[PDB]
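Next up: a single chain in structure tokens, the form solved without the partner chain.
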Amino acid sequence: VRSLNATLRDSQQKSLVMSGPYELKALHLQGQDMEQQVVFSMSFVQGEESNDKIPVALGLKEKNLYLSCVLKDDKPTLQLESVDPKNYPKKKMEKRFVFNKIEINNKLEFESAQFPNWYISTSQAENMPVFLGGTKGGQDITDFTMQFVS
């Protein structure tokens, strides 16, 4: 499987960082303070592709930790999941780990492959967790830019 290191920033220029072992938060970050920003390993996995939709998995670079989801109390929920550091990543990743990377005018959206029309979302306010939101439209942020890193 092919991968790619990158950071994500919401359309509001918020950066993502590790809250506890298993949460991500979004905050406005500038300066050498930028160092505390999470670098993903974005893997191109197997799934349904279009010129516009590309299935990926999103792990933390050098951690055996992956964004997935779970129904938690009858709702789709974003979580960080530990995996066997020897089996991952794979081309044929389990569905819970798969997002459709959607290009939409220089911006990206990350839709759950598992829950159609649920997106990786951040909040308008500082220091709130990154979550899975089912609504696009003036409120929560569902769009990101991506920066390559080495």
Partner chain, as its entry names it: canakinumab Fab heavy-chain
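Residue numbers count along the first chain shown, from 1.
Which of 63-71 and 120-128 has higher mean CA B factor, as the PDB entry lists it:
Taking the mean B-factor of the alpha carbons in each, 120-128 is higher.
For the stretches 102-110 and 31-39, which has the higher mean C-alpha B-factor as given in the deposited record?
That would be 31-39.
Chain thirds of CA B-factor: placement of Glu49
As the PDB entry reports it, the C-alpha B-factor of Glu49 lands in the middle third of its chain.
What third of its chain, lowest, middle or highest, does the C-alpha temperature factor of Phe115 fall into?
Within its chain, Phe115 is a lowest-third residue by C-alpha B-factor, going by the deposited values.
What third of the chain does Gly137 rank in for C-alpha temperature factor, lowest, middle or highest?
Within its chain, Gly137 is a lowest-third residue by C-alpha B-factor, going by the deposited values.
Please rank the C-alpha B-factors of the chain's modelled residues and tell me whether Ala57 sits in the lowest, middle or highest third.
Highest third - that is where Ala57 ends up once the chain's C-alpha B-factors are sorted.
Grab the CA temperature factor for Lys92 from the record and place it in the lowest, middle or highest third of its chain.
Ranked within chain, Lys92 CA B lands in the middle tercile.
Missing here is the form solved in complex with the partner chain; even so, the following discussion is about that form.
Can you name the residues of 12-48 that have a heavy atom within 4.5 Å of the partner chain in the bound PDB entry?
The stretch 12-48, when checked against the partner chain in the bound PDB entry, contributes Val17, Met18, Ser19, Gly20, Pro21, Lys25, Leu27, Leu29, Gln30, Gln32, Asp33, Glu35, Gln36, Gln37, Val39 at the 4.5 Å heavy-atom cut-off.
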